[PDB]
Structure formats: C-alpha cells, structure tokens
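>>> Any chance you can model this:
(4 chains)
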Amino acid sequence: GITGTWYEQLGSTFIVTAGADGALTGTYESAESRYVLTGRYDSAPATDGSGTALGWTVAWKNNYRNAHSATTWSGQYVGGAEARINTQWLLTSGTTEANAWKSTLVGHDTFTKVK
Amino acid sequence: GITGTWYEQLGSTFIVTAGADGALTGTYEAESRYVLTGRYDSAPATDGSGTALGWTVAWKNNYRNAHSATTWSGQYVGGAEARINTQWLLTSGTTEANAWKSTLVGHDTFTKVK
Amino acid sequence: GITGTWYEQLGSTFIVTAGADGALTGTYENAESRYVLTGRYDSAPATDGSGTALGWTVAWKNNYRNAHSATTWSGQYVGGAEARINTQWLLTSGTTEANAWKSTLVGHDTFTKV
Amino acid sequence: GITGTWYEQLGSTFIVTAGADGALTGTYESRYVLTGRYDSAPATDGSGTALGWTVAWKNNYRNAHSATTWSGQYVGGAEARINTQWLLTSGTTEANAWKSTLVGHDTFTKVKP
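Numbering: from 1, shown residues only, chains lettered A, B, ... in the order given. Find the structure here:
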C-alpha cells in the first residue's frame, strides 16, 4: 500500500512504514541528509475510489545538521498502477516575533513509486 | 516547555509530550479523542527565535472516522505567555475529480492558559 | 461597509473603493511605500449572517522600488461593531527554476476600521 | 508573454491582458471577470515574473459567494507557463469560518492539454 519507498518530483526520497494502528514512521532523505519522519494516516479508508488521507512531519535536525525548521505534509494516497501521494506542505522555520510574518512557506509535492 | 496541556483559540485541547530527541506524542481532544504524532527542533537557536515544530492527527479513532487528516506546522514561543502559533492543512480523501477541493488551510494559536 | 480605510494588525494600511460591479481598487501603504491594489468582491452576498467574499492583489513595485514580488489576500469581510476583514495571503517572489520551491510564503492578517 | 490565452491542467481557460503599468485584466472561464497585478520590470537574472489575480465567482448567471486568488510567476522559455498557488474563500458565518478557505496550485500553459 503506502509502505515502501517514494520518490518526489525533484530528488528527495522517503521510506515509510504504515502501521496497522494508523502510524507512519520512516526516514526522509534530502546520512548527513537523512531525517526522521513521523505521521498518521486513515487505516480504514473508503473503497469508493477516494484516496487515503495522511500527513507527516520532518524536523530538519539530525546528528550532523539543524536547519531550525520543520515541514509538514498533508495529502493523500491514490493506489493503482499509477500510485501517487499528492501533497501540500508547510515549511516553518524558527524566527523572532518580528519575522514571524515571513516564517512559513507553502508548496506542493507529488511522490511516486518509481524514479 | 512544549510538554503539557494546550488549548486552541476556539475550544480544542491537546496534551503533548516532547521526547529528548525531537519526538512529539500525545492526544488531541472520549469519542473526541485522537492520537497525534510529530517532531520538533530539539536544539533551537539561542537568538530569541522560536522552536519549529509540526504534528499530524488522522481523524480516526475507535469510534469515528472522517477520512481526513490535519497537519499543523509552526513554532513554540517562550514568553510571558508561552504560545504555539501554527498554520494548518486539513486534507480529506476525495476521488481524483474532486481533488482540487480536498484541502483546507487555516491557522491557530495555542496557550497553556485557558 | 468595505469602502474606506483599513488597518492591519502589523502597522500597514489600505484604502479601498468597492465599486458596484464587484471591483476593488485602492492603494496599500510616504510615497515610496505606496502601491496599487486591485481586486474583486461578492457584490451580492447572502443575508444569513455569512461574510462577504473578496480578494485582492498587490505587486511590490512602484515608481521608486521593485521587490519583484506580489501578494494576494483571500478572505472575507465581516461587518457590524468590530467590522473586520479576515484574510489568508500568499506572497510570491520571482525566482529561477531552481529556487521555485521556496518562492511562496503563506500567512494571515486581520484588518479593522480602527 | 503574459498577454494571451492560457489553459490550466483541469480545462479552465483564462484570457488576460498585461498592461503598461503592471495591470492584469481579463476573463476566467460561464465567464468571470478577473483582475490582478504583475511585476512590469522583472529581474534580468533569469528570474520569473511575479504576478497575481483575483476572481469573484459572481456574474449575471450565478453567484457562489466565493473568491479565489492566484499567486505565482510567469516563466518564458520554449514553452511558457504560469505556476500558481491559490486560495479559495467562501462567505460563512463566524462558527464556520474555520473551514472557509481551500488551498491549491494551478499551472497554466499557452497550449491546451
């Protein structure tokens, strides 16, 4: 299903394990560039062709690096021969109160099972 | 600092534990109880910046399932009033044709008071 | 309700005229910090107590400066005592293909008449 | 290269004129009035051209009590395109304001897919 390796549009890779309990655990790779991922997903989705909702978070700190920022992906898994996870993300960095207005970026990413 | 009980600027409540190397665990509020999990910057800057964090809640518990998930992205702020300022994304499972309307966006502030 | 001067929580200011077929025109703000705004709003909202949908755009260029960016605000007008415009915004900066992933900030602002 | 007729991946069409002073005027497709701004003097460094516009979903046939704003940048190239992120807000009561806004992304090209 979701368990496995996913490739994003521009290079990044993640390995995720989708637990029976609805937990998402894995690693995201931008080892200097490997980071822990953690999330949740709908473990009892609809079969009417709806995708499966999920989200996950990466804090960009590891034993070598720290960008003082975090990304959260919200989106959905669509199975099939053309399996994909379509997401929108929010990147939030630590800032002072005075730069909190410019603290968050928004984007989107598509992950597929090959590439 | 992050560990403890927080209240939403409307009325929800969440209980968090922050693990020494960046894990966020706890629950977002009986039938209204859901698991949350996330990560945080466990070695933030010392310049007065806040602490970047995120978490996810999938809206399924042993009683209900909305077929959707929400992620909060933000930062913890130490001050007179410690706060967590977030922006959030709620994605619902949809067929492909309705994907364009699958995701809500909003923001929220949590405080330990109230 | 919308025509007039609005102040955002952060110090900035905008003067708008809401025309009769949904046009929004005005300036966002000394001269060096004034910029043209243009937008649209629902000139016939429901009367169920719902807010009035609107939006507008500002590119950050004037005769004196050019940040090579633009902001869009999407939100609603809520009249009455504390009349307010509640918005979410996107700021996009022109980037090369390579930095496009970090081209768009998101946030929120609330405008009041005082 | 902004002036012209553009196509979005889901079939939507927008006709727009880019004027002298950074104004954007046109129609989104029945049809809805659009207006926006663009950077009339972009960087030389191969950066894209920042831009944005708005549509309120009311015309003479219907009104959805909503508005969408697209924020993005134009990239010339052998196949020009406009990459955008968008927010769609509906009028709602206070109690429902929390779900009043949708967020998405849209790519327009001068060729119809």
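>>> Can you pull the residues of chain A lying near chain D?
Within chain A, the positions adjacent to chain D are A:88, A:106, A:107, A:108 by Cβ under 8 Å from any Cβ of the partner chain. (Each C-beta comes from the backbone N, C-alpha and C, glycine too.)
>>> list the buried ones in the host helix or strand of the first one?
Taking DSSP states H and E as the definition, residue A:88 sits inside strand A:84-93. In terms of neighbour count (16 or more other Cβ atoms under 10 Å in any protein chain shown), strand A:84-93 has its buried residues at A:84, A:85, A:86, A:87, A:88, A:89, A:90, A:91, A:92, A:93.
>>> again, but for stretch A:7-19
Quick answer for stretch A:7-19 (16+ other Cβ under 10 Å): A:8, A:13, A:14, A:16, A:18.
>>> The last one against residue A:39, yeah?
No: the pair residue A:18 and residue A:39 does not pass the contact test of Cβ atoms under 8 Å, sitting 9.2 Å apart.
>>> what's the overlap in contacts for those two?
Common neighbours of residue A:18 and residue A:39, using Cβ atoms under 8 Å, 6 or more residues apart in numbering or on different chains, are residue A:24.
>>> all strands in chain A, in order from the N-terminus.
A:4-8, A:13-18, A:23-29, A:34-41, A:52-61, A:66-78, A:84-93, A:104-112 (DSSP state E).
>>> Including distance to residue A:59, could the buried residues of stretch A:7-19 go into TSV?
Shown next, in TSV, are those (distance: Cβ to Cβ, whole Å):
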residue	distance to residue A:59
A:8	18
A:13	18
A:14	14
A:16	16
A:18	20
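>>> Which of those residues sits closest to residue A:33?
residue A:13 (9.8 Å; Cβ to Cβ).
>>> any idea how far residue C:97 is from the closest one?
21 Å (Cβ to Cβ, to the nearest Å).
>>> what's near enough to touch residue A:4?
Going by Cβ under 8 Å, 6+ apart, residue A:4 touches A:15, A:16, A:113.
>>> Kindly recompute the last result at 10 Å.
Contact analysis of residue A:4 by Cβ atoms under 10 Å, 6 or more residues apart in numbering or on different chains lists A:14, A:15, A:16, A:17, A:18, A:26, A:83, A:113.
>>> rewinding a little: and among the strands of chain A, the most buried is which?
Mean neighbour count (mean count of other Cβ atoms under 10 Å in any protein chain shown) peaks for strand A:52-61 among the strands of chain A, with a mean of 28.
>>> Any part of that strand near chain C?
No: Strand A:52-61 does not reach chain C (Cβ under 10 Å from any Cβ of the partner chain); its nearest approach is 13.3 Å.
>>> ok and that strand relative to strand B:23-28, angle-wise?
Per axes from the mean of the first three to the mean of the last three Cα atoms, to 10 degrees, the angle that strand A:52-61 makes with strand B:23-28 is 140 degrees.
>>> Off-centre distance for stretch A:91-98?
Per Cα atoms, centre = their mean, to the nearest Å, the displacement of stretch A:91-98 from the mean C-alpha position of its chain is 21 Å.
>>> C-alpha coordinates for it, CSV please?
Taking C-alpha atoms only, stretch A:91-98 is exported to CSV below (Å, rounded to 0.1, in the frame of the first residue of the first chain):
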residue,chain,number,x,y,z
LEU,A,91,7.7,24.7,5.9
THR,A,92,8.1,26.6,9.2
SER,A,93,11.4,28.0,10.4
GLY,A,94,12.3,29.4,13.8
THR,A,95,12.2,33.2,13.7
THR,A,96,11.9,36.1,16.1
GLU,A,97,8.4,37.5,16.7
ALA,A,98,9.4,40.3,14.4
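>>> So which bits of chain A are right by chain C?
For chain A, the residues in contact with chain C (Cβ under 10 Å from any Cβ) are A:9-10, A:89-91, A:98, A:100-109.
>>> Max pairwise distance over these: which two?
Between all members of the residues of chain A next to chain C, the farthest pair (by Cβ to Cβ) comes out as A:9 and A:98, at 33.8 Å.
>>> Strand partners (parallel or antiparallel) of the strand holding residue A:88?
Next to strand A:84-93 in the sheet, as set by DSSP bridges, lie strand A:66-78 (antiparallel), strand A:104-112 (antiparallel).
>>> near chain B at all, stretch A:29-41?
Yes: judged by Cβ under 10 Å from any Cβ, stretch A:29-41 and chain B are in contact via A:35, A:36, A:37, A:38, A:39, A:40, A:41.
>>> what's near enough to touch the second one?
Yep, that's residue A:36 we're talking about. Per Cβ under 10 Å, 6+ apart, neighbours of residue A:36: A:25-28, A:57-59, A:61-62, B:21-23, B:39.
>>> Which single residue in chain A comes nearest to chain C?
As assessed by Cβ to the nearest Cβ, chain C sits closest to residue A:106 within chain A, at 4.1 Å.
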